[PDB]
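Chains as they are written, first to last, in the authors' numbering: chain r, 83 to 92; chain q, 46 to 110; chain W, 10 to 104, 119 to 133; chain Z, 20 to 72; chain C, 1 to 185; chain D, 10 to 394; chain V, 12 to 151; chain Q, 53 to 103; chain I, 57 to 222; chain R, 48 to 109. Cβ atoms here follow ideal geometry from the backbone N, Cα and C, with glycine treated the same way. Structure, as structure tokens:
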Amino acid sequence: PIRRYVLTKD
Amino acid sequence: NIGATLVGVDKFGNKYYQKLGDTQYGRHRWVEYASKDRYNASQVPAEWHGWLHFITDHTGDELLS
Amino acid sequence: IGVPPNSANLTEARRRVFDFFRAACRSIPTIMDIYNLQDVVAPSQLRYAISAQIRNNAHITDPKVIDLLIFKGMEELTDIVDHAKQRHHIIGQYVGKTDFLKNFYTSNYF
Amino acid sequence: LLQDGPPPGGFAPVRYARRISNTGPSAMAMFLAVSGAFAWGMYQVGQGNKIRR
Amino acid sequence: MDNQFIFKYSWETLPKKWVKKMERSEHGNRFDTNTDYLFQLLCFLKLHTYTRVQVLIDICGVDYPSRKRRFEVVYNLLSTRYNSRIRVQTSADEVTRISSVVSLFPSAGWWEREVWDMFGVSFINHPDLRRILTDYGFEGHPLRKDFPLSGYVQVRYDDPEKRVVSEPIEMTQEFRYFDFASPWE
Amino acid sequence: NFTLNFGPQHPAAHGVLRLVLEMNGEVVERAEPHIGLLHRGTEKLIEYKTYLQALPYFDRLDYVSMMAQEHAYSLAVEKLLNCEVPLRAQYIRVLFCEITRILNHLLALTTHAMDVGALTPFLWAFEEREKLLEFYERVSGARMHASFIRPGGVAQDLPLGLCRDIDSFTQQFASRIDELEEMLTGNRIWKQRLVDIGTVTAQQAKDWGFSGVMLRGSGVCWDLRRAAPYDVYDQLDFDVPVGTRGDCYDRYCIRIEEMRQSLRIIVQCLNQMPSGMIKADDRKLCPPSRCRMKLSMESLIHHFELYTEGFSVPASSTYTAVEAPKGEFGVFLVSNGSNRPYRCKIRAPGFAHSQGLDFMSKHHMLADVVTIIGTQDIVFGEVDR
Amino acid sequence: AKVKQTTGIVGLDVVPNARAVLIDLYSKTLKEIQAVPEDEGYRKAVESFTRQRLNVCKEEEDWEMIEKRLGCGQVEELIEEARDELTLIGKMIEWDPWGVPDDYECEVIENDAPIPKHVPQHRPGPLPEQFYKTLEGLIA
Amino acid sequence: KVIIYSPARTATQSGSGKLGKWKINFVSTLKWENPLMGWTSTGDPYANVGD
Amino acid sequence: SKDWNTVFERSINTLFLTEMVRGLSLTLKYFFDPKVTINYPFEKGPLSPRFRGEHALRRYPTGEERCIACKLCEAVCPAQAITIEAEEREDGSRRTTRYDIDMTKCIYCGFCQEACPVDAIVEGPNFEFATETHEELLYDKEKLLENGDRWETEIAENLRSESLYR
Amino acid sequence: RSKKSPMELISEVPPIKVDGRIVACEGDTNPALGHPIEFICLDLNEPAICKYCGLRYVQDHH
Ligand SMILES: CCCCCCCCCCCCCCCCCCCC(=O)O[C@H](COC(=O)CCCCCCCCCCCCCC)COP(=O)(O)OCCN
Ligand SMILES: CCCCCCCCCCCC(=O)SCCNC(=O)CCNC(=O)[C@H](O)C(C)(C)COP(=O)(O)O
Ligand code: SF4
Ligand code: SF4
Ligand SMILES: [Zn+2]
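Right, dumping it as structure tokens:
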């Protein structure tokens with residue numbers, strides 16, 4: 083159960 | 046030296062005594078070595094070793110059977 | 010005092026190396042005085058030994074690596090100066120046909 | 020099937036609250052037991068000195 | 001004050017570019033920064049009112065000899081009045097100076113030296129950074145995965161000179177490494 | 010200010026303690042303890058042995074609270090494994106942890122008193138500690154180093170004739186505590202040799218990481234077994250003693266009250282002892298019964314693959330924390346996913362207590378330093394790992 | 012009704028009439044936070060709870076109600092809490108950590124591994140209301 | 053002088069769970085027998101580091 | 057604050073050492089009580105059937121040795137004390153030709169005892185085996201088998217007694 | 048006695064007689080104190096040796 087989401091701006 | 050009764054004998058000659066208390070430990074059972082020359086510090090056999098250390102309630106004479 | 014930040018460039022590390030060598034030379038009478046060694050060695054060739062050990066590692070270009078060697082040298086110097094290192098170790102570290124035939128005669132693995 | 024455990028009904032209660040007793044000699048009476056003894060003893064020493072003289 | 005509330009708050013309140021990555025799990029909340037904004041992050045986490053992290057439990061260290069940033073020091077923290085735990089960690093390197101946090105938590109002065117001793121990650125603006133655990137004449141850093149378990153030098157007493165002298169290691173019975181690893185896992 | 014070299018070679022100062030310090034002639038300025046004389050190297054040796062072989066490392070560390078030390082390792086492994094332990098095992102683990110707390114407090118109190126000079130309660134308390142080392146002899150194989158607690162449950166079930174003996178001991182242990190306390194608390198010399206010594210403020214304790222009795226001797230109600238209760242402690246009823254002044258005398262009173270509370274918890278655990286199995290059953294990390302592996306195939310396979318390979322902890326990392334008698338003891342496990350731990354750092358409570366000695370002996374007498382050493386209860390097995 | 016007498020914590024001597032000093036610190040922090048930008052969460056939260064604390068302490072007149080209807084510890088702990096907040100404000104003004112970098116990434120993981128009910132897990136009671144009402148304003 | 057290689061799958065067992073991992077093989081081939089109990093002695097510190 | 061009636065009692069108590077004679081009288085109550093020490097050479101302390109002492113290799117009642125060279129004990133020993141060498145006898149069955157234990161490395165943890173599938177090795181209740189030479193502590197196969205033979209009548213009874221557990 | 052090695056001492060023990068085709072050997076009389084149970088199919092003209100115990104079994108008649 084792995085939720086790995088990488089952030090980003092604009 | 047002296048105690049309540051005497052519990053069996055040994056092929057090495059040392060006699061094993063037994064005293065019974067009420068609520069506190071101390072002076073329960075000991076050995077009077079047959080010899081006196083430093084008694085080798087270890088002369089109890091395998092049958093009487095368990096009885097001396099309260100490991101087993103068997104006398105050691107009964108442990109043979 | 011406190012540990013300085015790592016040098017930005019090699020010319021800033023070079024003065025650090027000179028300062029470390031300077032401090033090592035300044036403290037060199039103390040080792041000879043507190044470890045009771047006068048006839049075995051003179052203080053002059055200890056300079057040569059320190060210079061050799063500091064010039065052997067002269068090909069390093071990275072400022073961080075040079076700074077780390079200076080750090081480790083300072084720790085070793087403080088260990089030696091203080092009553093941490095023990096006698097007959099400073100003197101241990103400091104102060119034909121061919122090689123192949125000798126190495127062959129002594130062992131297989133050289 | 021013979022797990023060791025508490026007896027049916029539980030063990031007896033135990034006290035753990037640092038019971039305080041009082042076996043001290045006294046509170047004030049020792050002062051008299053010293054002072055009156057001192058006075059009477061000094062009188063006896065005076066009588067002994069007179070006898071020795 | 002629990003895991004989720006702290007996660008929301010430190011996601012909103014914390015300035016960006018500080019936490020490189022973060023995790024939320026039952027094992028522990030992590031805040032992986034980038035080995036430069038460490039003093040700032042700890043200072044914010046120590047002085048802020050809604051995160052009054054006061055005590056630094058320990059300063060760990062993990063040697064990964066497979067990544068470019070070989071070492072990874074771990075800062076365990078604890079907030080007494082909020083009753084919560086924060087685990088901040090970075091990525092270090094064998095030749096690099098990571099900032100020290102003795103100014104904030106004075107207790108770190110000895111874990112700092114121990115991390116220097118075991119692995120070799122030096123620190124800046126630290127009063128001592130002297131070896132604390134190994135021998136005075138010890139060489140190398142033992143907790144690195146490179147260091148052999150038996151070590152490099154042995155110690156014995158020789159009679160020709162009445163003193164204890166170190167010598168190259170030479171063991172009577174070698175350390176038997178049993179390879180129990182199996183497939184299907 | 011001249012410098013003299015401490016470092017006595019005997020357990021009359023706990024042994025293995027250099028402690029070079031600065032002297033103005035009668036008042037010490039800065040004391041620098043030189044730890045490392047007992048750096049056996051457990052932390053490096055952990056990574057080379059499986060999760061079962063590494064358990065006896067934890068008995069050696071802080072070798073007076075044996076079962077309170079391996080308990081942290083067991084809890085960490087259980088957390089990394091999602092293993093559920095039966096209730097009876099939890100209760101007996103709590104009981105034996107309380108016994109460790111009693112042993113540690115007795116040993117610390119009497120060693121500190123003998124450092125001060127009072128040598129008669131020392132032998133009285135070891136006479137009483139005989140009775141608990143005998144209990145340890147009964148359940149496990151060895152008197153002191155007992156690998157009783159395992160990640161699943163406990164190693165073996167309790168013997169039949171144990172609870173009666175434990176309750177018989179607890180009947181008179183309170184009177185024994187009163188006898189030991191009457192000789193020191195009410196005494197005059199003890200007060201003048203402890204009061205206003207080594208005072209630590211709450212801010213100082215928090216800054217220097219003094220979790221344990223030192224933290225609670227400054228007015229901070231931080232009990233890990235109440236703030237973060239791990240085993241069955243919510244059911245149990247006990248109080249947390251908290252001091253008012255950070256001097257050595259209030260730490261002594263706190264330790265006495267902690268022994269009282271430990272006796273209370275032992276009584277509660279003896280009363281509320283359920284039946285059932287001792288080892289876990291959800292995951293496969295427990296050996297099969299020796300009367301079962303000799304007639305079953307899968308059980309024998311499990312026995313073989315557990316006593317050679319061991320259980321493989323899934324790859325993760327965590328920091329557990331239990332309330333050791335010294336203070337907060339925590340194990341930072343990093344699991345590679347294999348049967349051997351990747352990295353296992355051990356957070357010794359005595360490490361921070363020993364580093365915080367420099368500011369505690371600020372402007373004190375030199376003989377005023379041995380009492381500060383005694384009041385913080387430092388053993389050097391945990392300090393140097 | 013009377014003086015605090017003992018505070019129960021060593022090294023934390025009682026500060027008589029702590030409400031005045033507490034109000035002074037809150038006012039200084041409120042008038043000093045104007046340096047940092049409004050849009051950021053840090054200011055948006057510090058202004059929120061500092062203003063809440065100022066209102067709740069100005070409504071009351073004695074310590075035994077100030078700490079009672081806050082429930083955030085004794086009236087004296089709030090003093091060093093506010094002092095530390097002011098120190099943090101000053102330090103972060105000096106640092107100036109603002110400005111979201113253009114090339115910014117943050118791998119946020121949501122690992123969910125269940126742990127047993129018998130491992131040491133911090134299980135405390137609920138927080139006071141303001142701790143929860145602050146995040147509503149922070150998000151919106 | 054070291055050798056960098058990936059250990060091959062063992063023939064006796066059909067699982068491929070130990071593959072994909074690379075190791076450094078220090079050639080620590082110097083081992084002898086203690087002439088009292090038959091134990092294997094070494095003088096090379098890298099006897100099993102790479103393993 | 058004082059009332060001229062409590063300062064008198066406190067000054068007197070601090071002047072007549074009452075709190076010291078309290079402890080002085082307390083220390084004397086065990087002087088006439090029975091003692092607790094034991095005459096070790098004659099009477100020894102109480103042990104338990106699970107005691108871990110000097111190792112012993114037991115054998116079958118028929119006479120065949122019980123060890124089958126399974127090497128579980130060697131692979132589970134945390135201290136790496138046990139060294140085993142096996143070989144197929146001309147009889148056909150597998151047995152040990154060199155089974156020795158380093159009693160200097162051994163820690164008496166009982167892992168080897170509980171890892172045997174056949175109960176070949178056990179820790180006897182013998183806690184008195186201090187020697188004079190270091191090389192004697194390296195227990196080889198013959199010495200360990202002799203230990204097993206010597207304590208068999210009690211080792212077997214100990215195993216049978218606490219067989220309800222493990 | 049100790050002059051006889053166990054290999055030469057087990058050979059003199061007479062083989063057991065079993066009426067059936069397979070016999071289960073458990074070591075000692077108590078199952079928990081012996082080796083794991085081993086079922087041996089004794090069909091040849093030679094005794095079947097228990098691999099754990101070394102005991103031999105001979106089939107007399109069905
Ligand atoms: C059967 C034959 C037996 C022969 C032996 C007698 C029994 C001896 C038993 C000895 C047992 C105790 C031994 C302990 C050794 C150390 C004790 C020293 C304690 C001490 O010095 O404390 C001082 C007070 O005691 C003191 O001052 C001690 C001196 C007290 C003298 C009493 C003076 C009373 C005068 C009353 C006169 C009455 C008549 C007047 C007309 C100072 O106290 P502190 O510094 O600790 O506390 C703050 C005060 N500032
Ligand atoms: C008794 C005393 C105890 C301590 C003794 C010392 C123990 C540690 C000794 C340190 C060991 C090291 O390698 S630490 C020092 C190693 N660092 C360097 O050698 C710098 C690299 N070399 C250069 O920069 C230049 O070539 C240079 C040669 C400097 C000049 O040439 P220039 O001018 O063109 O620059
Ligand atoms: S575990 Fe027992 S049977 Fe197996 S090799 Fe060791 S001693 Fe022999
Ligand atoms: S008792 Fe422990 S250390 Fe000793 S031989 Fe057995 S398994 Fe190895
Ligand atoms: Zn058989």
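Check each candidate in the options and name the one with the smallest Cα separation from residue i.
i, options, result
"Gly221 of chain D", "D:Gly336, D:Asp367 and D:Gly34", "D:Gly336"
"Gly359 of chain D", "C:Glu26, C:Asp128 and C:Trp110", "C:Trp110"
"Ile108 of chain D", "D:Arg69, D:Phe178 and D:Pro95", "D:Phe178"
"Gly24 of chain D", "D:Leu132, D:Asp256 and D:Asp124", "D:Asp124"
"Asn83 of chain C", "C:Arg52, C:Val102 and C:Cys60", "C:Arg52"
"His121 of chain D", "D:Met76, D:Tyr57, D:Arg202 and D:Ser344", "D:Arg202"
"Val62 of chain C", "C:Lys68, C:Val55, C:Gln54 and C:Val74", "C:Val74"
"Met22 of chain C", "V:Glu118, V:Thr98 and V:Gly22", "V:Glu118"
"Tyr157 of chain C", "C:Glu167, C:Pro142, C:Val102 and C:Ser150", "C:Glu167"
"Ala151 of chain D", "I:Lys199, I:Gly180 and I:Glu146", "I:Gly180"
"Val67 of chain V", "V:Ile90, V:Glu88 and V:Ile34", "V:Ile34"
"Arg154 of chain I", "Q:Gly90, Q:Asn100 and Q:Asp103", "Q:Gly90"
What residue range is occupied by the uninterrupted beta strand (DSSP E) comprising residue i?
i, result
"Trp217 of chain D", "No beta strand (DSSP E) contains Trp217 of chain D, which DSSP labels as neither H nor E."
"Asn77 of chain Q", "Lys75 to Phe78"
"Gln106 of chain R", "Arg103 to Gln106"
"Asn76 of chain C", "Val74 to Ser79"
"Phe86 of chain R", "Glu85 to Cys88"
"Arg260 of chain D", "That residue, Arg260 of chain D, is in no beta strand (DSSP E); its alpha helix (DSSP H) goes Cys257 to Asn280."
Name, in chain order, the residues that DSSP records as bridge partners for residue i.
i, result
"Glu121 of chain I", "I:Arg115"
"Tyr62 of chain q", "q:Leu51 and q:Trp75"
"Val74 of chain W", "Note: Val74 of chain W sits in no beta bridge, so no partner."
"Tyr328 of chain D", "D:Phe341"
"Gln154 of chain C", "C:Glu167"
"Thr139 of chain I", "I:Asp156"
"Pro181 of chain I", "Beta-bridge pairing links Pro181 of chain I to no other residue."
"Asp36 of chain C", "Answer is none; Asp36 of chain C lacks a bridge partner."
"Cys72 of chain R", "R:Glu85"
Which stretch, first to last residue, makes up the alpha helix (DSSP H) that contains residue i?
i, result
"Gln201 of chain D", "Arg197 to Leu203"
"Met369 of chain D", "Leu366 to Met369"
At a CB distance below 8 Å, what residues from the region 14-38 of chain C approach chain Q? Give them in sequence order. none
Positions along the region 115-134 of chain V whose CB lies within less than 7 Å of some CB in chain r: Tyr115, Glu116, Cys117, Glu118, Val119, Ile120, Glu121, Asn122 and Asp123
Would you be able to state if there are at least three C-beta pairs under 8 Å between the region 60-67 of chain D and the region 128-146 of chain I? yes
Quick check: the region 15-35 of chain W against the region 88-95 of chain q, are there 3 or more CB pairs under 8 Å? no
Compile a chain-ordered list of the residues in the region 91-113 of chain V whose CB is closer than 9 Å to at least one CB of chain r. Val111, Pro112 and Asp113
Within 8 Å of chain C by C-beta, residues of the region 305-319 of chain D in sequence order: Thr317, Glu318 and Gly319
Is the region 259-270 of chain D close to the region 128-143 of chain D, with three or more CB pairs under 8 Å? no
Name the residues in the region 48-75 of chain C whose C-beta lies less than 8 Å from a C-beta of chain D; which are they? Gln54, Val55, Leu56, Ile57, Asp58, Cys60, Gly61, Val62, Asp63 and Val74
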